[PDB]
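For reference, structure.cif is printed below; it contains mmCIF, C-alpha atoms and all ligand atoms.
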```cif
data_target
loop_
_atom_site.label_atom_id
_atom_site.label_comp_id
_atom_site.auth_asym_id
_atom_site.auth_seq_id
_atom_site.Cartn_x
_atom_site.Cartn_y
_atom_site.Cartn_z
CA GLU A 32 16.47 7.65 8.64
CA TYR A 33 13.34 5.66 7.69
CA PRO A 34 11.73 4.37 10.85
CA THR A 35 12.27 0.72 11.48
CA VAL A 36 10.06 -1.81 13.09
CA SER A 37 12.09 -1.71 16.36
CA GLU A 38 11.45 2.00 16.89
CA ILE A 39 7.64 1.88 16.68
CA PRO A 40 5.66 0.30 19.53
CA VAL A 41 2.43 -1.39 18.38
CA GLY A 42 -0.31 1.17 18.79
CA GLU A 43 1.87 4.06 17.53
CA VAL A 44 2.30 5.46 14.01
CA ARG A 45 5.17 7.42 12.46
CA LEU A 46 5.05 9.65 9.37
CA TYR A 47 8.01 10.01 7.02
CA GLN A 48 8.17 12.80 4.43
CA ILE A 49 9.29 11.31 1.14
CA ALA A 50 8.96 14.42 -1.00
CA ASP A 51 7.00 17.65 -0.83
CA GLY A 52 3.38 16.80 -0.10
CA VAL A 53 4.04 13.05 0.11
CA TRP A 54 4.54 11.00 3.25
CA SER A 55 4.52 7.38 4.14
CA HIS A 56 2.89 6.18 7.32
CA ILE A 57 4.47 3.37 9.26
CA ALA A 58 2.81 1.18 11.86
CA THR A 59 3.46 -2.22 13.45
CA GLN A 60 1.69 -5.35 14.55
CA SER A 61 2.77 -8.58 16.15
CA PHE A 62 2.32 -11.84 14.25
CA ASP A 63 3.30 -15.29 15.58
CA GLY A 64 5.62 -13.78 18.13
CA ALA A 65 7.45 -11.41 15.75
CA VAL A 66 6.90 -7.71 15.07
CA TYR A 67 6.25 -6.49 11.54
CA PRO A 68 6.08 -3.00 10.09
CA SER A 69 3.60 -1.83 7.46
CA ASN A 70 3.53 1.20 5.17
CA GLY A 71 0.89 3.34 3.64
CA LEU A 72 0.95 6.71 1.91
CA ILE A 73 -0.40 10.25 2.42
CA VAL A 74 -0.61 12.68 -0.47
CA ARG A 75 -1.48 16.35 -0.30
CA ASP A 76 -4.42 17.29 -2.54
CA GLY A 77 -4.60 21.07 -2.33
CA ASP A 78 -5.76 21.82 1.20
CA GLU A 79 -6.87 18.22 1.84
CA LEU A 80 -5.13 14.85 2.09
CA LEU A 81 -5.55 11.57 0.26
CA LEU A 82 -4.77 8.51 2.39
CA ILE A 83 -3.53 5.28 0.83
CA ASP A 84 -4.18 2.26 3.04
CA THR A 85 -5.07 1.99 6.71
CA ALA A 86 -2.43 1.58 9.42
CA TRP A 87 -3.25 -2.07 9.98
CA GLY A 88 -6.05 -2.20 12.46
CA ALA A 89 -8.50 0.01 14.23
CA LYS A 90 -6.24 1.19 17.01
CA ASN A 91 -3.32 1.97 14.71
CA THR A 92 -5.66 3.78 12.28
CA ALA A 93 -7.05 5.98 15.07
CA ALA A 94 -3.44 6.77 15.96
CA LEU A 95 -2.70 7.54 12.32
CA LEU A 96 -5.50 10.11 12.18
CA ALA A 97 -4.28 11.69 15.40
CA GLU A 98 -0.73 11.86 14.11
CA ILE A 99 -1.78 13.36 10.81
CA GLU A 100 -3.81 16.01 12.64
CA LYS A 101 -0.87 16.76 14.90
CA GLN A 102 1.91 16.85 12.33
CA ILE A 103 0.22 17.99 9.13
CA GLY A 104 -3.06 19.54 10.17
CA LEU A 105 -5.04 19.06 6.97
CA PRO A 106 -8.17 16.96 6.68
CA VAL A 107 -8.06 13.45 5.28
CA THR A 108 -11.04 13.48 2.97
CA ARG A 109 -10.57 10.22 1.04
CA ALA A 110 -8.79 6.92 1.48
CA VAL A 111 -8.01 4.16 -1.02
CA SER A 112 -7.26 0.57 0.01
CA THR A 113 -4.88 -1.20 -2.33
CA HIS A 114 -5.93 -4.77 -1.55
CA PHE A 115 -8.30 -6.63 0.73
CA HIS A 116 -5.99 -7.73 3.55
CA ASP A 117 -6.16 -6.26 7.08
CA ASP A 118 -3.10 -4.07 6.68
CA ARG A 119 -5.00 -2.24 3.94
CA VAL A 120 -8.68 -2.25 5.03
CA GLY A 121 -8.38 -2.94 8.79
CA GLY A 122 -9.31 0.46 10.18
CA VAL A 123 -11.78 1.34 7.42
CA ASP A 124 -14.60 1.51 9.98
CA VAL A 125 -12.52 4.03 11.98
CA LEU A 126 -11.93 6.11 8.87
CA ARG A 127 -15.60 6.01 7.93
CA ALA A 128 -16.73 7.06 11.39
CA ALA A 129 -14.34 10.02 11.18
CA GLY A 130 -15.94 11.23 7.94
CA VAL A 131 -13.30 9.92 5.55
CA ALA A 132 -14.71 8.61 2.26
CA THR A 133 -13.28 5.11 1.73
CA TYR A 134 -12.63 3.60 -1.71
CA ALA A 135 -11.42 0.37 -3.23
CA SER A 136 -11.87 -1.49 -6.48
CA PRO A 137 -14.95 -3.73 -6.77
CA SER A 138 -12.55 -6.67 -6.78
CA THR A 139 -11.09 -5.63 -3.40
CA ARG A 140 -14.54 -4.94 -1.96
CA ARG A 141 -15.74 -8.41 -2.95
CA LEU A 142 -12.68 -10.19 -1.55
CA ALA A 143 -12.84 -8.20 1.69
CA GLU A 144 -16.46 -9.20 2.09
CA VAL A 145 -15.69 -12.89 1.48
CA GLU A 146 -12.90 -12.71 4.08
CA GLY A 147 -15.12 -11.02 6.65
CA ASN A 148 -12.89 -7.93 6.61
CA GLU A 149 -13.90 -4.28 6.64
CA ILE A 150 -15.29 -3.04 3.34
CA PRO A 151 -14.54 0.39 1.85
CA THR A 152 -17.72 2.26 0.92
CA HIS A 153 -17.02 3.43 -2.60
CA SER A 154 -16.14 1.38 -5.70
CA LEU A 155 -13.36 2.48 -8.04
CA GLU A 156 -14.20 1.97 -11.70
CA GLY A 157 -11.73 1.49 -14.54
CA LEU A 158 -9.32 -0.92 -12.83
CA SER A 159 -10.66 -4.34 -13.77
CA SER A 160 -8.14 -5.28 -16.46
CA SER A 161 -4.39 -5.68 -16.21
CA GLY A 162 -2.66 -2.47 -17.30
CA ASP A 163 -5.66 -0.26 -16.44
CA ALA A 164 -4.93 3.14 -14.90
CA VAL A 165 -7.11 5.92 -13.57
CA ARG A 166 -6.41 9.29 -12.06
CA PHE A 167 -7.65 9.81 -8.49
CA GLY A 168 -6.99 13.30 -7.20
CA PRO A 169 -3.20 13.79 -6.99
CA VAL A 170 -2.33 10.16 -7.81
CA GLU A 171 -2.67 7.56 -10.50
CA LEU A 172 -4.05 4.18 -9.54
CA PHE A 173 -2.80 1.23 -11.58
CA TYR A 174 -3.94 -2.36 -11.71
CA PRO A 175 -0.85 -4.29 -12.85
CA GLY A 176 -2.55 -7.70 -12.78
CA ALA A 177 -2.64 -10.37 -10.11
CA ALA A 178 0.43 -10.64 -7.93
CA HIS A 179 0.47 -10.64 -4.09
CA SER A 180 -3.29 -10.80 -4.46
CA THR A 181 -5.68 -10.81 -7.39
CA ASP A 182 -6.89 -7.29 -6.59
CA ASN A 183 -3.65 -5.48 -5.80
CA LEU A 184 -3.28 -1.89 -6.95
CA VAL A 185 -0.22 0.30 -7.11
CA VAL A 186 -0.23 4.06 -6.71
CA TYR A 187 1.95 6.68 -8.46
CA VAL A 188 2.40 10.32 -7.43
CA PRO A 189 3.51 12.02 -10.61
CA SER A 190 4.44 15.36 -9.03
CA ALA A 191 6.95 13.57 -6.81
CA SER A 192 7.94 10.47 -8.88
CA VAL A 193 6.86 8.23 -5.97
CA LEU A 194 5.68 4.71 -6.72
CA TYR A 195 3.80 2.96 -3.91
CA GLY A 196 3.90 -0.73 -4.70
CA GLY A 197 1.97 -2.01 -1.73
CA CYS A 198 2.32 -5.64 -0.85
CA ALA A 199 3.02 -6.64 -4.47
CA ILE A 200 6.52 -5.18 -3.98
CA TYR A 201 8.97 -6.55 -1.41
CA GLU A 202 11.69 -4.62 0.39
CA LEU A 203 15.30 -5.56 -0.35
CA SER A 204 15.83 -7.12 3.08
CA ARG A 205 13.07 -9.66 2.42
CA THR A 206 14.86 -12.62 0.97
CA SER A 207 12.05 -15.17 0.93
CA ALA A 208 8.35 -15.07 0.10
CA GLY A 209 5.95 -13.54 2.57
CA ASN A 210 2.26 -14.34 2.77
CA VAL A 211 1.39 -15.90 -0.55
CA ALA A 212 -1.89 -17.59 0.40
CA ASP A 213 -3.85 -15.21 -1.85
CA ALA A 214 -1.14 -14.71 -4.48
CA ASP A 215 -0.98 -15.55 -8.16
CA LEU A 216 2.63 -16.70 -8.38
CA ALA A 217 2.31 -17.49 -12.07
CA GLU A 218 1.30 -13.94 -12.96
CA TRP A 219 3.27 -12.02 -10.41
CA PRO A 220 6.44 -11.47 -12.48
CA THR A 221 4.38 -10.38 -15.50
CA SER A 222 2.45 -7.94 -13.31
CA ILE A 223 5.70 -6.50 -12.01
CA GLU A 224 6.91 -6.01 -15.58
CA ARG A 225 3.76 -3.98 -16.27
CA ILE A 226 4.65 -1.68 -13.38
CA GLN A 227 8.20 -1.24 -14.71
CA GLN A 228 6.84 -0.53 -18.16
CA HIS A 229 4.32 2.07 -16.96
CA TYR A 230 6.52 3.86 -14.36
CA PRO A 231 10.10 3.74 -15.61
CA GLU A 232 10.77 7.23 -14.29
CA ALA A 233 9.90 6.37 -10.64
CA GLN A 234 12.51 7.75 -8.24
CA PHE A 235 11.18 6.34 -4.97
CA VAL A 236 9.56 2.94 -4.62
CA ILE A 237 7.71 2.11 -1.41
CA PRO A 238 6.99 -1.54 -0.55
CA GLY A 239 3.98 -2.49 1.54
CA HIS A 240 6.30 -3.61 4.34
CA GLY A 241 9.74 -2.20 5.05
CA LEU A 242 12.25 0.20 3.62
CA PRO A 243 11.80 2.26 0.49
CA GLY A 244 14.26 2.09 -2.33
CA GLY A 245 14.36 2.57 -6.05
CA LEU A 246 13.11 0.57 -9.02
CA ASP A 247 15.51 -2.25 -8.11
CA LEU A 248 12.82 -3.39 -5.67
CA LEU A 249 10.83 -4.65 -8.67
CA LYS A 250 13.47 -7.06 -9.95
CA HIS A 251 14.23 -8.00 -6.36
CA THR A 252 10.62 -9.02 -5.88
CA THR A 253 10.61 -10.99 -9.12
CA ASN A 254 13.68 -12.88 -8.00
CA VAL A 255 12.14 -13.81 -4.68
CA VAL A 256 8.86 -14.82 -6.29
CA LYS A 257 10.57 -16.98 -8.89
CA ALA A 258 12.69 -18.68 -6.20
CA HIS A 259 9.51 -19.46 -4.30
CA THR A 260 7.85 -20.72 -7.47
CA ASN A 261 10.67 -23.24 -7.88
CA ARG A 262 10.67 -24.43 -4.28
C1 LIG B 1 -1.46 -8.81 7.20
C2 LIG B 1 -0.41 -8.88 6.09
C3 LIG B 1 -1.12 -8.72 4.78
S1 LIG B 1 -0.02 -8.57 3.36
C4 LIG B 1 0.21 -10.24 6.21
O1 LIG B 1 -0.24 -11.19 5.62
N1 LIG B 1 1.32 -10.47 7.04
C5 LIG B 1 1.91 -9.46 7.77
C6 LIG B 1 2.69 -10.17 8.85
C7 LIG B 1 2.99 -11.55 8.19
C8 LIG B 1 1.85 -11.75 7.17
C9 LIG B 1 0.83 -12.77 7.67
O2 LIG B 1 -0.11 -12.43 8.44
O3 LIG B 1 0.93 -13.98 7.32
NA NA B 2 0.10 6.28 -16.25
ZN ZN B 3 -1.59 -8.58 1.64
ZN ZN B 4 -19.23 8.68 0.31
ZN ZN B 5 0.82 -6.39 3.47
#
```

Written as structure tokens, that's how I'd like the structure from this file.
Ligand SMILES: C[C@H](CS)C(=O)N1CCC[C@H]1C(=O)O
Ligand code: NA
Ligand SMILES: [Zn+2]
Ligand SMILES: [Zn+2]
Ligand SMILES: [Zn+2]
Amino acid sequence: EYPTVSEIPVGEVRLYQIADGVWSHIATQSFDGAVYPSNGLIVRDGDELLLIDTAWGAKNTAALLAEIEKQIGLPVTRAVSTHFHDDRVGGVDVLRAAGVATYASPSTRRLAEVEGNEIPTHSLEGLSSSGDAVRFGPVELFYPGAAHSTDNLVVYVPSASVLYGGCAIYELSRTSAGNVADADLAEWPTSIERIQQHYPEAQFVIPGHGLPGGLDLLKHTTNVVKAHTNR
């Protein structure tokens, strides 16, 4: 029942309740003539919401805010971007204009600036070394090491046993490597192993693109990465 890329027109956003107080958000964009989905997360924080990642662009992110207001009706007070690419920070200016406090690691902020992307306002401390974790409202943020990008973070919701892998974790249906231009292929498997080690109790694992599953998505990603490595 997870919404698929064929059931969301570009410009629209769907929410999917994963567990009590936890949703993913799903949006789409076209790339090179194909249509791709992208996921983020929404976590209830008392009477407010924590947003993880934009909906991939300004128009989608405006739609996200409208959909959250319509369906949930609680204010989004903070947002965290999990890496510097446009499916994570594209829409930050929209969030900021709407009064949402935007956050990312200093590593993400630097890379976004170099790329000419939107730059979250606030810097997250305590995430500079592989294996570092910090609590952020109702979630834990974890830097597993370089993988899909050098800055990628994962997010865990301990109340719900939900692990949001972002773009460091691939869905099962992805059989070959995606965008690896900014990746550290050599470190990626090691970084995945850190995630497995730190969150062995995860019940739901959400990739940055595509269908959720369980912890098997980690080994799946390792397999695809290692196949690409040996191309
Ligand atoms: C914008 C995302 C960031 S992980 C991306 O790179 N995509 C998403 C669609 C394909 C691929 C690309 O642009 O090469
Ligand atoms: Na932890
Ligand atoms: Zn990316
Ligand atoms: Zn602020
Ligand atoms: Zn992505």

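The space between CA of residue 151 in chain A and CA of residue 202 in chain A spans 26.7 Å.
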
Could you pull the residues within 12 Å of range 216-232 of chain A, counting only C-alpha atoms, minus those fewer than 6 positions along the same chain, as a PyMOL selection string?
-> chain A and resi 160-164+171-201+208-210+245-262

Got a sec to check which residues lie within 8 Å of ligand ZN 5 (chain B), using only C-alpha atoms and all ligand atoms, and send them as a PyMOL selection string?
-> chain A and resi 69+116-119+197-198+239-240

CA of residue 61 in chain A to CA of residue 82 in chain A, straight-line distance in Å | 23.2 Å

For the atom pair CA of residue 41 in chain A and CA of residue 62 in chain A, what is the interatomic distance in Å to one decimal place?
->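 These atoms are spaced 11.2 Å apart.
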
If you count all atoms listed in the file, the residue of A:152, A:139, A:35, A:234 closest to residue 110 in chain A turns out to be A:152

Dump as CSV the rows for residues of chain A within 9 Å of ligand ZN 4 (chain B): closest atom pair and distance in Å with one decimal, all atoms listed in the file counted, ordered by chain and rising residue number.
```
residue,atom,partner,partner_atom,distance
A:109,CA,B:ZN4,ZN,8.8
A:127,CA,B:ZN4,ZN,8.9
A:130,CA,B:ZN4,ZN,8.7
A:131,CA,B:ZN4,ZN,8.0
A:132,CA,B:ZN4,ZN,4.9
A:133,CA,B:ZN4,ZN,7.1
A:134,CA,B:ZN4,ZN,8.6
A:152,CA,B:ZN4,ZN,6.6
A:153,CA,B:ZN4,ZN,6.4
```

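Of the listed residues A:138, A:84, A:165, A:235, the one whose atoms come nearest to ligand NA 2 (chain B) is A:165, with distances taken using only C-alpha atoms and all ligand atoms.
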
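Residue nearest residue 104 in chain A within the list A:150, A:128, A:90, A:79: A:79 [criterion: smallest interatomic distance, all atoms listed in the file].
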